[PDB]
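Q: Just dropping this structure here.
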Amino acid sequence: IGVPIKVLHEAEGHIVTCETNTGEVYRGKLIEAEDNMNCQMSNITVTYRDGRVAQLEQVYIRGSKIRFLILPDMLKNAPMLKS
Amino acid sequence: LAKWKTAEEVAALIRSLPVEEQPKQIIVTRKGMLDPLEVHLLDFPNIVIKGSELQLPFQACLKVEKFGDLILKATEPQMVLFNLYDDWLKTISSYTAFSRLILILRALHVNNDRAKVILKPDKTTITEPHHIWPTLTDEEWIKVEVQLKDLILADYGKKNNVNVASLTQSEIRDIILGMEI
Amino acid sequence: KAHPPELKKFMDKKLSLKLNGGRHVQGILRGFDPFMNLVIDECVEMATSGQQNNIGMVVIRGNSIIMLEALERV
Amino acid sequence: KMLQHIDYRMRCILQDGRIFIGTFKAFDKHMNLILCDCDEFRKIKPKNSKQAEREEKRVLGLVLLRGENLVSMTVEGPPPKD
Amino acid sequence: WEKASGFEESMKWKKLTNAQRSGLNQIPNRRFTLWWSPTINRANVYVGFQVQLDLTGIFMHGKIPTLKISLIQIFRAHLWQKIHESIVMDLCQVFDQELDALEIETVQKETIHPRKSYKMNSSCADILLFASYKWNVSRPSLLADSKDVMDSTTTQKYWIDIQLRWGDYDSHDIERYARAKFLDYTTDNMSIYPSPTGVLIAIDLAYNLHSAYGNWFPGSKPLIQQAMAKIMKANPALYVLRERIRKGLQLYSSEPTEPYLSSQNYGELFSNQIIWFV
Amino acid sequence: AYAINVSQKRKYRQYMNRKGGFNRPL
Amino acid sequence: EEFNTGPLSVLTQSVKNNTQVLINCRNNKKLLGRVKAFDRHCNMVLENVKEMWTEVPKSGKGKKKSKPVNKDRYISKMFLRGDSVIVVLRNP
Amino acid sequence: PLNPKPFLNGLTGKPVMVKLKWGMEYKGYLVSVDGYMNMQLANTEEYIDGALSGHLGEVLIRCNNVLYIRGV
Amino acid sequence: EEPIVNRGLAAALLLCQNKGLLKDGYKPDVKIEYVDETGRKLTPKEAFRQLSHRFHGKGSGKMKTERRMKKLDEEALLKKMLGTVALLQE
Amino acid sequence: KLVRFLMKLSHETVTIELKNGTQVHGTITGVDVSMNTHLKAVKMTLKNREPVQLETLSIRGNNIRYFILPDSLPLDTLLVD
């Protein structure tokens, strides 16, 4: 359990985005965030590589498929300043 | 004394080139030339003076009009060099270009006018003044090499009293390079 | 220390999984695995050609598990 | 060796060509980077540009990039006051 | 051979002085004496006057100044000490490369007096092997003794000695020399050994022989065998000794030429090495 | 299942101009 | 014991006698050389590595009509990790 | 009722064909197999997309590069 | 005449072959070789020279060292690899 | 383990070719057991791109394909335990 793992675990219940390795990016509200970067979110808009965008009431992205995790600026300063 | 002068000229041509341009392996076409070449190249022991079982037809360059006229009109001795492959290094490899040059030299040594007419498939094609070989395409050069190989095989069959359908690709490569089957 | 993922809300629900070779599938998850393997009952193909081919009981490995969208209410 | 490069304006190149530039403040054992106020750059990079220095750029802010898609990272500028 | 070659291309044509001409004419006598040294420098030919060569282990039976000069030229610049040093370092390297395979804790570089290399009356230790476990040792046997009888004792430190000799015709038997010198130095009073158990390897440079007779432990036999094989095959100092001997003997052995450019050898003509056809 | 091919340093000890004890240093 | 009997023993027999072997990686490059050291993760450190691969002019004439050439490079000492290495074979 | 590890232990020495993930295949006698199922072939031939290019001798295929192995 | 085929190692091996680029109880592999600090294998004359220099306690002079360094640099340059100028001048 | 030999190769000017064709040549200052190469004053040339010189770089061991050391690397004395 590292400090980015603790930042992703504390980002549950807030607006966050997950950019996958295939090119699709799903931005929504996370619900479950494990230590292995498994992100289960609800009511997220997902945009594929073709340019189309859809909405989903529930989604679950794994840790290996999720390439990047865009976090909000609320937890970007505290308590992540002493690290 | 003539063999010693030729070995001294070869050693002077080797010493005139820098160390990055000096070769490390020498192939002597004549068997009576490697013996003074070991004596004349005693200052450079890193070169290998090896013999040659396949004699390259170097008289085809003197049988050509341009190089023959440049050799005949030169009243003073010089070291003017040239390029055997004009633009064959950017299109093909070094082994295939040398094989095509050896096949063309064997075809010119077998016949002057026949190989001169088979080298140009059309009457509109011409060679550059900076080049020696006529500029052709890949399929045209392949057809010219096939015609030269067929003429060399016909000359080998008419000269050695053998048939035409009894030599493979290795035998044709040995006959084009000068080796004996 | 291989912790299983939170797949209790997606159990016995018709969801669509994505395979990492640009593929998709749809079916009802009947359990979970610590290696993120999913057992899907009545799994239809739903490939990129446009035709869906039902198979039944199938298993998908966790290495190719890209995403999972719960089509049913969870 | 990353402890002397914490909270610095560094540019990390990903495995797909889409590089990020931001405050690399938090790292992990699996090389998971947490870049705050980071921007994206995939097509062009600003180094003595004649037409446009910031071309094809996207704002990201705080991004938690996993180490599976990370290749290398390099410092780009000094850290700010805030 | 190379008749009339010498060190100065034989310097045949010149305005040389008569004394210089006499010296040039006497040089082939030097070559002949060097060639026949093993059979005329023996004690059977000359009685008495057994004087060891300076800083060298060679004994000169009979005052032959020609042979003295030739041998000094061959062994110039402390070649005996360098040969012994090279042999001992090579053996230590071989033992380190196969350290754990025979249960050896470590090897040791004994402080050796320079003269030890050419000290025939007494001897010392060259290599010391230290063990983590007990080495059961066997009774003395020759290098070619395939069957050895095991001795009922063990040790922890094991000595290896290297003795170089220049055997004449009558005493070129390396095995007898190795056995005699092992049984002498071990029971000697001016030679101090770290342990009663060890191995002594005698090497005949004049005839290129080698033999060991000391006390052996299991696993050391093949290691020492291939070590001696490789050290006779590729020692630098031994190669220099051989080259100096060849130069002194003017033995220009004939050598073959490179393979000609056939139909199966032209494929190396297009490699990265610059090759030219003349 | 690894293998390393390393040569033997065979540190060559000094013979001339030592000014110390006759026997070689370890 | 088991270090000279596994599948990497061909990587150990060519590194014990310093024999020449050619390794084809995932980037379609064949590196031939004498392996000086190996490990459990196939991190092979070799000396005098000749890397031969296939190169293309990439439409030098403008119509994408060219032949690939055998390009070769030389390195003094290389340390290739076992991640990108696909296959390896000793010289016969 | 046959686990793949005794199946690979019994196929050691028998002529089989190991097809890698890149599409190549090694057809020869298997030597041994480790815990990560690494492939070691002796007297094998390298077939690229079903076309053999020549024998290699002693070949070693890694763990994360092979796809399947069928006993020929 | 065999090009480097993609996803194949037998073609490069064939091109390199055509180009000419190729008791307790044990069998101890006693291998003795001469190497230098640069890692290159040394000729027996070079190894003997190094051994003699180390034993005598004095190395080569500045001029000899410079000549050896220049020779090594030249060898490295030659082993790392005027036709275009001759084609353009003709 | 060969990672311990790369960890002891600090303050050495070497090159590293990555899996994307980017070759970075510089003086390596730090290397962990996961081949985390932290180098200073390096120059990286990407695939079909211009070389760029950076004062500090931190290349990961996962994306590192091969390495290249000069002829002055004592591999006979650094590969020992």
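By order in the structure tokens, chains are A, B, ...; within a chain, residues start at 1; ligands start at 1, following the order shown.
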Using DSSP on the backbone, list every residue of chain H that comes out as alpha helix (DSSP H), and give them as a PyMOL selection string.
A: chain H and resi 4-10
Q: Write out as a list in words each polymer residue whose atoms come within 12 Å of residue 53 (chain C), counting only C-alpha atoms; drop sequence neighbours fewer than 3 positions from it.
A: residues 24, 25, 26, 27, 42, 43, 44, 45, 46, 47, 48, 49, 50 and 56 of chain C
Q: If you keep N, CA, C and O atoms, can you produce a file of those selected residues as a compact mmCIF listing (two decimals), in the first residue's frame?
A:
# COMPACT_ATOMS: atom_id res chain seq x y z
N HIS C 24 -15.52 -8.23 -27.21
CA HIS C 24 -16.54 -8.00 -26.20
C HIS C 24 -17.29 -9.30 -25.95
O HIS C 24 -17.28 -10.21 -26.78
N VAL C 25 -17.96 -9.36 -24.80
CA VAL C 25 -18.81 -10.50 -24.44
C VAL C 25 -19.84 -10.01 -23.44
O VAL C 25 -19.66 -8.99 -22.77
N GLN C 26 -20.95 -10.75 -23.33
CA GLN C 26 -22.01 -10.41 -22.40
C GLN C 26 -22.54 -11.67 -21.75
O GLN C 26 -22.72 -12.69 -22.42
N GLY C 27 -22.78 -11.61 -20.45
CA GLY C 27 -23.27 -12.78 -19.73
C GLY C 27 -23.46 -12.47 -18.27
O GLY C 27 -23.17 -11.37 -17.79
N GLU C 42 -24.50 -18.44 -19.77
CA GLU C 42 -25.25 -17.99 -20.95
C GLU C 42 -24.53 -16.85 -21.67
O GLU C 42 -25.11 -15.80 -21.98
N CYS C 43 -23.25 -17.07 -21.93
CA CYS C 43 -22.40 -16.04 -22.52
C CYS C 43 -22.64 -15.97 -24.03
O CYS C 43 -22.40 -16.94 -24.75
N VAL C 44 -23.10 -14.82 -24.50
CA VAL C 44 -23.26 -14.57 -25.92
C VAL C 44 -21.97 -13.97 -26.46
O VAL C 44 -21.17 -13.41 -25.70
N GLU C 45 -21.75 -14.10 -27.76
CA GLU C 45 -20.52 -13.62 -28.37
C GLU C 45 -20.51 -12.10 -28.46
O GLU C 45 -19.68 -11.45 -27.81
N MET C 46 -21.45 -11.54 -29.23
CA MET C 46 -21.60 -10.10 -29.48
C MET C 46 -20.30 -9.48 -29.99
O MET C 46 -19.77 -8.52 -29.43
N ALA C 47 -19.79 -10.05 -31.08
CA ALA C 47 -18.50 -9.65 -31.63
C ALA C 47 -18.65 -8.38 -32.47
O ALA C 47 -19.73 -7.79 -32.57
N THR C 48 -17.56 -7.96 -33.11
CA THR C 48 -17.57 -6.76 -33.93
C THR C 48 -18.24 -6.97 -35.28
O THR C 48 -18.52 -5.98 -35.97
N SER C 49 -18.51 -8.21 -35.68
CA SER C 49 -19.18 -8.48 -36.94
C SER C 49 -20.66 -8.12 -36.90
O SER C 49 -21.25 -7.85 -37.95
N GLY C 50 -21.26 -8.11 -35.71
CA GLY C 50 -22.66 -7.77 -35.55
C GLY C 50 -23.56 -8.92 -35.18
O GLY C 50 -24.75 -8.70 -34.90
N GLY C 56 -22.87 -20.40 -23.47
CA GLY C 56 -23.31 -20.96 -22.21
C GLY C 56 -22.36 -20.67 -21.07
O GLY C 56 -22.12 -19.51 -20.74
Q: Excluding same-chain residues fewer than 5 positions from residue 23 (chain F), what lies within 8 Å of it counting only C-alpha atoms, as a list in words?
A: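 Final neighbour list, sorted by chain and number: residues 111, 112, 113 and 114 of chain E.
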Q: What are the residues of chain E lining chain F at 12 Å or less? Count only C-alpha atoms, and put the answer as a PyMOL selection string.
A: chain E and resi 77-79+81-98+107-117+124-128
Q: Output the selection as a short mmCIF file (atom, residue, chain, number, x, y, z; two decimals), in the first residue's frame - N, CA, C and O atoms for each residue.
A:
data_model
loop_
_atom_site.label_atom_id
_atom_site.label_comp_id
_atom_site.auth_asym_id
_atom_site.auth_seq_id
_atom_site.Cartn_x
_atom_site.Cartn_y
_atom_site.Cartn_z
N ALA E 77 66.91 -11.35 -18.97
CA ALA E 77 65.90 -10.59 -18.22
C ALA E 77 65.12 -11.49 -17.26
O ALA E 77 63.89 -11.43 -17.19
N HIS E 78 65.85 -12.31 -16.51
CA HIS E 78 65.28 -13.13 -15.44
C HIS E 78 64.11 -13.97 -15.94
O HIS E 78 63.03 -14.00 -15.35
N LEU E 79 64.34 -14.67 -17.06
CA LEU E 79 63.26 -15.44 -17.67
C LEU E 79 62.84 -16.62 -16.80
O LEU E 79 61.68 -17.02 -16.84
N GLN E 81 62.70 -16.78 -13.42
CA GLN E 81 61.80 -16.28 -12.40
C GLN E 81 60.44 -15.94 -12.98
O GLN E 81 59.40 -16.24 -12.39
N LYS E 82 60.43 -15.31 -14.16
CA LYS E 82 59.16 -14.97 -14.81
C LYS E 82 58.38 -16.22 -15.19
O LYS E 82 57.15 -16.25 -15.05
N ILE E 83 59.06 -17.25 -15.67
CA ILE E 83 58.39 -18.50 -16.03
C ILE E 83 57.76 -19.13 -14.79
O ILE E 83 56.60 -19.56 -14.81
N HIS E 84 58.52 -19.20 -13.70
CA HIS E 84 57.99 -19.79 -12.47
C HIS E 84 56.81 -18.98 -11.94
O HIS E 84 55.80 -19.55 -11.51
N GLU E 85 56.92 -17.65 -11.98
CA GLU E 85 55.83 -16.79 -11.54
C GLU E 85 54.58 -17.01 -12.37
O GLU E 85 53.47 -17.12 -11.84
N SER E 86 54.74 -17.06 -13.70
CA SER E 86 53.60 -17.28 -14.57
C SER E 86 52.95 -18.62 -14.29
O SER E 86 51.71 -18.73 -14.25
N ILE E 87 53.75 -19.66 -14.08
CA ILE E 87 53.20 -20.98 -13.79
C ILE E 87 52.41 -20.96 -12.49
O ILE E 87 51.30 -21.50 -12.42
N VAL E 88 52.96 -20.34 -11.45
CA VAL E 88 52.28 -20.34 -10.16
C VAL E 88 50.99 -19.53 -10.22
O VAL E 88 49.95 -19.95 -9.68
N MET E 89 51.01 -18.37 -10.88
CA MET E 89 49.77 -17.60 -11.04
C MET E 89 48.73 -18.37 -11.85
O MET E 89 47.54 -18.34 -11.52
N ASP E 90 49.15 -19.05 -12.92
CA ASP E 90 48.19 -19.81 -13.71
C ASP E 90 47.57 -20.93 -12.89
O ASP E 90 46.36 -21.17 -12.96
N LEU E 91 48.38 -21.63 -12.09
CA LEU E 91 47.85 -22.70 -11.25
C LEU E 91 46.89 -22.15 -10.19
O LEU E 91 45.85 -22.75 -9.92
N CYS E 92 47.23 -21.00 -9.60
CA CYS E 92 46.33 -20.38 -8.63
C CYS E 92 45.02 -19.97 -9.28
O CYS E 92 43.95 -20.14 -8.68
N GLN E 93 45.08 -19.42 -10.49
CA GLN E 93 43.86 -19.04 -11.20
C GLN E 93 43.00 -20.26 -11.49
O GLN E 93 41.77 -20.23 -11.32
N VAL E 94 43.63 -21.36 -11.92
CA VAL E 94 42.89 -22.58 -12.18
C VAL E 94 42.22 -23.09 -10.91
O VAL E 94 41.05 -23.50 -10.92
N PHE E 95 42.94 -23.06 -9.79
CA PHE E 95 42.37 -23.55 -8.54
C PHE E 95 41.23 -22.66 -8.05
O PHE E 95 40.24 -23.15 -7.52
N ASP E 96 41.37 -21.34 -8.23
CA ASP E 96 40.28 -20.43 -7.84
C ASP E 96 39.06 -20.64 -8.72
O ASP E 96 37.92 -20.55 -8.24
N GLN E 97 39.26 -20.91 -10.01
CA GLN E 97 38.13 -21.16 -10.90
C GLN E 97 37.39 -22.45 -10.54
O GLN E 97 36.22 -22.60 -10.92
N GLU E 98 38.03 -23.36 -9.82
CA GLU E 98 37.42 -24.61 -9.37
C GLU E 98 37.57 -24.75 -7.86
O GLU E 98 37.97 -25.80 -7.34
N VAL E 107 42.99 -20.18 -1.51
CA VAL E 107 44.36 -20.45 -1.93
C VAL E 107 45.26 -19.39 -1.33
O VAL E 107 44.79 -18.33 -0.92
N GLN E 108 46.56 -19.65 -1.27
CA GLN E 108 47.47 -18.70 -0.63
C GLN E 108 48.73 -18.42 -1.45
O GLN E 108 49.31 -19.33 -2.03
N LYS E 109 49.15 -17.16 -1.48
CA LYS E 109 50.36 -16.80 -2.19
C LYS E 109 51.52 -16.72 -1.21
O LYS E 109 51.71 -15.70 -0.56
N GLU E 110 52.29 -17.80 -1.11
CA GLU E 110 53.40 -17.83 -0.17
C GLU E 110 54.49 -16.84 -0.53
O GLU E 110 54.79 -16.64 -1.71
N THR E 111 55.08 -16.20 0.47
CA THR E 111 56.18 -15.28 0.22
C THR E 111 57.36 -16.08 -0.30
O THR E 111 57.95 -16.87 0.44
N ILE E 112 57.71 -15.90 -1.57
CA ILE E 112 58.79 -16.68 -2.15
C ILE E 112 60.03 -15.86 -2.46
O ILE E 112 59.95 -14.83 -3.12
N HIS E 113 61.17 -16.33 -1.98
CA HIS E 113 62.42 -15.64 -2.30
C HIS E 113 62.69 -15.81 -3.78
O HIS E 113 62.44 -16.88 -4.34
N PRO E 114 63.22 -14.77 -4.42
CA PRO E 114 63.46 -14.84 -5.87
C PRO E 114 64.27 -16.06 -6.25
O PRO E 114 63.95 -16.72 -7.23
N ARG E 115 65.30 -16.37 -5.48
CA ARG E 115 66.17 -17.49 -5.81
C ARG E 115 65.44 -18.82 -5.79
O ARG E 115 65.90 -19.78 -6.41
N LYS E 116 64.32 -18.89 -5.09
CA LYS E 116 63.61 -20.16 -4.97
C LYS E 116 63.37 -20.77 -6.34
O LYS E 116 63.47 -21.99 -6.51
N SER E 117 63.09 -19.93 -7.33
CA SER E 117 62.85 -20.43 -8.68
C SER E 117 64.04 -21.23 -9.17
O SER E 117 63.87 -22.27 -9.81
N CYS E 124 61.01 -24.45 -1.02
CA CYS E 124 60.04 -23.77 -0.18
C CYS E 124 58.64 -24.13 -0.67
O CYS E 124 58.47 -25.05 -1.48
N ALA E 125 57.64 -23.40 -0.19
CA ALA E 125 56.27 -23.60 -0.61
C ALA E 125 55.87 -22.54 -1.63
O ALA E 125 56.36 -21.41 -1.59
N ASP E 126 54.99 -22.92 -2.55
CA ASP E 126 54.51 -22.02 -3.59
C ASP E 126 53.05 -21.65 -3.40
O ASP E 126 52.72 -20.46 -3.33
N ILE E 127 52.16 -22.63 -3.29
CA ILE E 127 50.73 -22.39 -3.13
C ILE E 127 50.25 -23.12 -1.88
O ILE E 127 50.65 -24.26 -1.63
N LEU E 128 49.41 -22.45 -1.09
CA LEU E 128 48.83 -23.04 0.10
C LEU E 128 47.31 -23.07 -0.05
O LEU E 128 46.70 -22.04 -0.33
#
Q: Env of residue 43 (chain H): 8 Å cut, atoms = only C-alpha atoms, seq-sep filter 6 positions within chain, self excluded. Answer as a PyMOL selection string.
A: chain H and resi 28-29+55-58
Q: Run DSSP on the backbone of this structure and report the residues of chain G it assigns to strand (DSSP E or B), as JSON, numbers by chain.
A: {"G": [20, 21, 22, 23, 24, 25, 30, 31, 32, 33, 34, 35, 36, 37, 44, 45, 46, 47, 48, 49, 50, 51, 52, 53, 54, 55, 69, 70, 71, 72, 73, 74, 75, 76, 77, 78, 79, 80, 85, 86, 87, 88, 89, 90]}
Q: Can you list, as a ChimeraX atom specification, every protein, DNA or RNA residue that comes within 10 Å of region 81-88 of chain G when you count only C-alpha atoms, leaving out same-chain residues fewer than 6 positions away?
A: /G:8,10-11,21-32,38-45 /H:20-22,39-40,56,58-66 /I:7-9 /J:2-3,18-19,35,61-67
Q: Tell me which protein, DNA and RNA residues are within 8 Å of residue 26 (chain A), counting only C-alpha atoms, leaving out same-chain ones fewer than 5 positions away, and put them as a list in words.
A: residues 17, 18, 19, 44, 45, 46 and 47 of chain A
Q: Keeping only C-alpha atoms, write those residues as a PDB file, in the first residue's frame.
A:
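As a result, result_39.pdb now contains:
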ATOM      1  CA  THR A  17     -11.340   9.737 -14.646  1.00  0.00           C
ATOM      2  CA  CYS A  18      -9.648   6.537 -15.813  1.00  0.00           C
ATOM      3  CA  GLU A  19      -7.794   6.439 -19.137  1.00  0.00           C
ATOM      4  CA  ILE A  44     -19.513   7.440 -15.783  1.00  0.00           C
ATOM      5  CA  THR A  45     -19.226   8.758 -19.335  1.00  0.00           C
ATOM      6  CA  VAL A  46     -16.864   6.641 -21.450  1.00  0.00           C
ATOM      7  CA  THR A  47     -15.337   7.850 -24.728  1.00  0.00           C
TER       8      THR A  47
END
Q: So what do you get for CA of residue 231 (chain E) versus CA of residue 15 (chain G), distance-wise?
A: 22.1 Å
Q: Could you jot down the CA of residue 225 (chain E) to CA of residue 99 (chain E) separation for me, Å, one decimal place?
A: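 Result for CA of residue 225 (chain E) versus CA of residue 99 (chain E): 15.8 Å, one decimal.
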Q: Could you name the residues that touch region 163-167 of chain B at 9 Å or less, counting only C-alpha atoms, but leaving out those on the same chain fewer than 4 positions away, as a ChimeraX atom specification?
A: /B:150,153-154,156-158,171-172
Q: Store the residues of this selection in a file with N, CA and C atoms, as a PDB file, in the first residue's frame.
A:
ATOM      1  N   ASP B 150      23.370 -17.119 -70.099  1.00  0.00           N
ATOM      2  CA  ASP B 150      23.100 -18.029 -71.206  1.00  0.00           C
ATOM      3  C   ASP B 150      24.185 -17.986 -72.276  1.00  0.00           C
ATOM      4  N   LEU B 153      27.200 -19.758 -70.789  1.00  0.00           N
ATOM      5  CA  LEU B 153      26.981 -21.201 -70.796  1.00  0.00           C
ATOM      6  C   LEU B 153      27.098 -21.781 -72.200  1.00  0.00           C
ATOM      7  N   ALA B 154      26.624 -21.053 -73.216  1.00  0.00           N
ATOM      8  CA  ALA B 154      26.782 -21.502 -74.595  1.00  0.00           C
ATOM      9  C   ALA B 154      28.248 -21.491 -75.021  1.00  0.00           C
ATOM     10  N   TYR B 156      30.803 -21.848 -72.930  1.00  0.00           N
ATOM     11  CA  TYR B 156      31.459 -22.923 -72.192  1.00  0.00           C
ATOM     12  C   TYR B 156      31.119 -24.285 -72.787  1.00  0.00           C
ATOM     13  N   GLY B 157      29.899 -24.440 -73.302  1.00  0.00           N
ATOM     14  CA  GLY B 157      29.537 -25.666 -73.990  1.00  0.00           C
ATOM     15  C   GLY B 157      30.196 -25.828 -75.345  1.00  0.00           C
ATOM     16  N   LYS B 158      30.403 -24.727 -76.070  1.00  0.00           N
ATOM     17  CA  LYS B 158      31.053 -24.817 -77.375  1.00  0.00           C
ATOM     18  C   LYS B 158      32.565 -24.928 -77.235  1.00  0.00           C
ATOM     19  N   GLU B 171      28.202 -24.109 -60.390  1.00  0.00           N
ATOM     20  CA  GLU B 171      29.122 -24.249 -61.514  1.00  0.00           C
ATOM     21  C   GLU B 171      29.150 -22.988 -62.372  1.00  0.00           C
ATOM     22  N   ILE B 172      27.999 -22.328 -62.530  1.00  0.00           N
ATOM     23  CA  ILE B 172      27.955 -21.071 -63.274  1.00  0.00           C
ATOM     24  C   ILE B 172      28.656 -19.963 -62.494  1.00  0.00           C
TER      25      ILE B 172
END
Q: Select, from B:59, B:78, B:48, B:6, the residue with the minimum atom-to-atom distance to residue 26 (chain B), counting only C-alpha atoms.
A: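 The closest residue to residue 26 (chain B) is B:48.
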Q: Check every residue of chain E for an atom within 6 Å of chain I, counting only C-alpha atoms, and provide those that qualify as a PDB file with N, CA and C atoms, in the first residue's frame.
A:
ATOM      1  N   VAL E  94      43.628 -21.356 -11.917  1.00  0.00           N
ATOM      2  CA  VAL E  94      42.885 -22.585 -12.183  1.00  0.00           C
ATOM      3  C   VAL E  94      42.217 -23.087 -10.910  1.00  0.00           C
ATOM      4  N   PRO E 218      41.390 -36.575  -3.127  1.00  0.00           N
ATOM      5  CA  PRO E 218      40.440 -36.842  -4.214  1.00  0.00           C
ATOM      6  C   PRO E 218      39.958 -35.562  -4.881  1.00  0.00           C
ATOM      7  N   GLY E 219      39.823 -35.623  -6.205  1.00  0.00           N
ATOM      8  CA  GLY E 219      39.403 -34.488  -6.995  1.00  0.00           C
ATOM      9  C   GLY E 219      40.527 -33.607  -7.497  1.00  0.00           C
ATOM     10  N   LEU E 223      42.069 -32.148 -11.945  1.00  0.00           N
ATOM     11  CA  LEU E 223      42.283 -30.706 -11.976  1.00  0.00           C
ATOM     12  C   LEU E 223      43.737 -30.382 -12.282  1.00  0.00           C
ATOM     13  N   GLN E 226      44.570 -31.396 -16.115  1.00  0.00           N
ATOM     14  CA  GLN E 226      44.204 -30.413 -17.134  1.00  0.00           C
ATOM     15  C   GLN E 226      44.904 -29.078 -16.903  1.00  0.00           C
ATOM     16  N   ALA E 227      45.236 -28.749 -15.650  1.00  0.00           N
ATOM     17  CA  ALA E 227      46.005 -27.534 -15.404  1.00  0.00           C
ATOM     18  C   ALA E 227      47.377 -27.614 -16.060  1.00  0.00           C
ATOM     19  N   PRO E 236      52.225 -17.947 -21.391  1.00  0.00           N
ATOM     20  CA  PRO E 236      52.922 -16.880 -22.119  1.00  0.00           C
ATOM     21  C   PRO E 236      54.431 -16.946 -21.943  1.00  0.00           C
ATOM     22  N   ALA E 237      54.881 -17.133 -20.699  1.00  0.00           N
ATOM     23  CA  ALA E 237      56.314 -17.199 -20.435  1.00  0.00           C
ATOM     24  C   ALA E 237      56.947 -18.413 -21.105  1.00  0.00           C
ATOM     25  N   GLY E 267      32.421 -16.031 -50.354  1.00  0.00           N
ATOM     26  CA  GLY E 267      31.374 -15.445 -49.534  1.00  0.00           C
ATOM     27  C   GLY E 267      31.883 -14.587 -48.395  1.00  0.00           C
ATOM     28  N   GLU E 268      33.133 -14.782 -47.981  1.00  0.00           N
ATOM     29  CA  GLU E 268      33.768 -13.907 -47.006  1.00  0.00           C
ATOM     30  C   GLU E 268      34.351 -12.648 -47.636  1.00  0.00           C
TER      31      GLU E 268
END
